[PDB]
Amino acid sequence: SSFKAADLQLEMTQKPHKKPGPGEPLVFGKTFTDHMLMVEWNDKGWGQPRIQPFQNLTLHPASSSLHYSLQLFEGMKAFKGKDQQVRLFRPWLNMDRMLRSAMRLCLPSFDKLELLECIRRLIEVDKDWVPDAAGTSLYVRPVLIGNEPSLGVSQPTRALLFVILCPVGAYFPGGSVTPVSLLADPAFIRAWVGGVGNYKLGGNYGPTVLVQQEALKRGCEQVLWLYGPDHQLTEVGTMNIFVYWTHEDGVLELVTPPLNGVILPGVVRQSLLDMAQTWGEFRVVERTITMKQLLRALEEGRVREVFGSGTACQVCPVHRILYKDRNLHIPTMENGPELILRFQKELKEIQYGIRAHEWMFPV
């Protein structure tokens, strides 16, 4: 059985460090809060969870986390409203995803609600680290790793679950959408049907570093991940992809690829579908999108906006795709971008507690 929040052990720090100031620009992900969550698993089950001072991990050099990538992570944001209340965005969905990732790598199960409560308690302890300036947030990074001291390629009998926290400044410095250019080269494949691209596993990210460098060398900012003989658009970098257009049947539509194995089921992605479906103003579908369809829609002036979704920026416009040595101008910014702006506005209102919503989990 799972670790329990009722069993939480707490150790407050004695060497708190300076919090970064809002005036200094932060590169993402290098500054951490004072405490962390740690829980250890062995064949007899989970130990008691603990909130402890941020500190190093001590791992056996044969730890399967480091040899066979028995590792997975999550990523979600907590937001502090003007009322000073801290709230997590739809964290239940992150817990569901984390558990699915754990089962895929034969890592131990845990109770999703017990972990969520332990994370709440951690953020509570480090509440002062949650910034409240516009467009700022606290990024929460749960990790589960195998930790068997053995070179056998096997299900581990030991594991570690920890959570660390990282305050974040504004993704769009200035407070306004900045479009990105994408390299679409079918030679690079992020994930395959039957593979593990639909789980947030460490192994899906390391191989992308070189491909992202290649995008930069070709004058693009991010990678448009193509899949199959028909060059399906799957994801943009570490963002889910959305296209807002009049479809071939003449109907105004928001489409994003379906969860058929090569798509990471984004929490923001699900939220944009939920939100747009609720409005009931245009068709909202999950369907494959091909480069042939995009090329045709662009030539016929049917595309309004293309954008990525994710925790990192919420919604990110795309203005250009480099495909088969040709630049495709995507007219997103010449169309408002109305839908992008609307999503950003309504997400912000929910996230910073301007309007109450069941999507927000209060800390």
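One rule holds for the numbers: they count along the sequence shown, beginning at 1.
Can you check if, in at least a third of the other PDB entries compared, residue 172 has no modelled coordinates?
-> Yes, residue 172 lacks coordinates in at least a third of the other compared entries that model both of its neighbours.
For residue 346, does the count of other compared entries lacking it reach at least a third?
-> Residue status for residue 346: no gap in any other entry.
Going by the B-factors listed in the PDB entry, is the mean over the C-alpha atoms higher for 47-55 or for 62-70?
-> If you average the C-alpha B-factors of 47-55 and of 62-70, the larger mean comes out for 47-55.
Averaging C-alpha B-factors over each stretch, which comes out higher, 112-120 or 198-206?
-> Stretch with the higher mean C-alpha B-factor: 112-120.
Looking at 144, 170, 93, 140, which has the biggest Cα B factor in the entry?
-> Each of 144, 170, 93, 140 was compared by C-alpha B-factor; the highest is 170.
What's the residue among 258, 237, 149, 280 with the greatest CA temperature factor in the PDB record?
-> When the deposited C-alpha B-factors of 258, 237, 149, 280 are compared, 280 is largest.
In terms of the chain's CA B-factor thirds, is residue 75 lowest, middle or highest?
-> Lowest third of the chain for residue 75's C-alpha B-factor.
Ranked by Cα temperature factor within the chain, is residue 225 in the lowest third, the middle third or the highest third?
-> It belongs to the lowest third of the chain when residues are ordered by C-alpha B-factor.
Could you tell me which third, lowest, middle or highest, the C-alpha B-factor of residue 179 occupies within its chain?
-> It belongs to the highest third of the chain when residues are ordered by C-alpha B-factor.
Among the modelled residues of its chain, does the C-alpha B-factor of residue 267 lie in the lowest, middle or highest third?
-> Lowest third - that is where residue 267 ends up once the chain's C-alpha B-factors are sorted.
Going by what the PDB entry lists, where does residue 309 fall on CA B-factor within its chain: lowest, middle or highest third?
-> For residue 309, whose C-alpha B-factor we compare with every modelled residue in the chain, the answer is the lowest third.
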